[PDB]
Structures are given as C-alpha cells and as structure tokens.
Amino acid sequence: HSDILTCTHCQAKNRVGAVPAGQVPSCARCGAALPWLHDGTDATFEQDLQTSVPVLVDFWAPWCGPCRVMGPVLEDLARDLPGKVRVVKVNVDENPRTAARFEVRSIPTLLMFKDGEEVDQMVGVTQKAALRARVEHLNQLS
Ligand SMILES: [Zn+2]
C-alpha cells in the first residue's frame, strides 16, 4: 500500500508506502522531510505503528460532520511537523477490525501511539494547538 506525500518545499509528489523503522519519509528531489499523512487499513495498521515518531490514528467516516473539520487540521499538523508525527487516517466504514480492536464508539476518535502503545485518546473535535503540544511533548521521547 502506497500514498502520495507532497513535498512542502519543492512540490514534488512522492509515492511512499512502508518506511523502514528509524527513518522518516523524505522528498526524493530535494531531501526535505515530508508531511507524513496517509490512509491506513486493517491490513497495514500493525506496520503503520512500527515507527519511532508519535503515531496519530484518526478514525473517521464520510457521514461524520466534525470529521470534515478535523481533516484539514490534521493536514496542517503534519505539514507543520514534517517527519515528527505520522498521521494515519482509518476510514471506519472500510476497516471494521481496527475500529473494533480499539473499541471506537464516537466518530471522530483520535488515538496517539508511541512505540506501539496507546498513550492518548481524544474524542470529538480537538484544537490544533493542543494536538501540536501533545506531539512535541511525545517527541521529548517518553
Ligand atoms: Zn522536495
């Protein structure tokens, strides 16, 4: 599974799938760290968690009103913190095993993982500044 990550600096489209642990996606044209935001599936979820950077898993659905608001916020978060967070979007309509696994009840639900373990949970709309603060906090590496 692969997704296009667009470089903020030179505009290059970068098709990126699995990322070796210890590394973060970078632009193949100019070298800059990419905004690491992409779709995740039941099939890919365990691999999506195998990174060092904080992993922000966004359970969303087409019919969910607040998801239309939260999408752009997560997009800005990944752009502002390129390579310091991995945003994994999980369409619950299409990925029922992972939604059930984490006992998702409200849409949107945002879960934050660190080294494979759930470390935070945010139901409903969350301000981007609070998200940024929790991500930099986790980047202290704790
Ligand atoms: Zn670039």
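What the entry reports as its method is X-ray crystallography, with 1.9470 Å given for the resolution.

Engineer: What is the right way to read the layout of surface pockets from this model?
Structural biologist: Over the atoms a probe the size of a water molecule is rolled, and this reveals where empty space is left. Computed from the structure, the largest pocket encloses a volume of approximately 220 Å³. Lining the largest pocket are 16 residues, with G17, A18, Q47, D48 and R86 positioned closest to its centre. Only β1 (3–6), β3 (37–39) and α1 (45–48) provide two or more residues apiece to the lining of the largest pocket. Residue classes in the lining of the largest pocket are distributed as 6 nonpolar, 6 polar and 4 charged.

Engineer: Would you explain the pairing of strand β7 (residues 117–123) in this entry?
Structural biologist: The side chains of a regular strand alternate between both faces of the sheet. When strand β6 (residues 109–114) meets β7, the two strands line up antiparallel, connected through 6 bridges. Following the sheet pairing, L111 is matched in β7 by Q121. Two successive antiparallel strands, β6 and β7, enclose a turn made up of 2 residues, where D115 displays a positive phi of approximately 60°.

Rules behind the numbers
- Residues numbered from 1 in each chain as written, not as in the entry; some residues may be left out.
- Heavy atoms only, no water.
- 1 Å grid on protein atoms, 1.4 Å probe; cavity = no way out; pocket = protein on both sides within 12 Å on 5 of 7 lines; lining within 4 Å.
- Points joined across faces, edges and corners; volume = space filled by probe spheres on them.
- Helix = DSSP H or I, 4+ residues; strand = E, 2+ residues; numbered from the N terminus.
- Nonpolar A, V, L, I, M, F, W, Y, C, P; charged D, E, K, R; others polar.
- Pairing = 2+ DSSP bridges.

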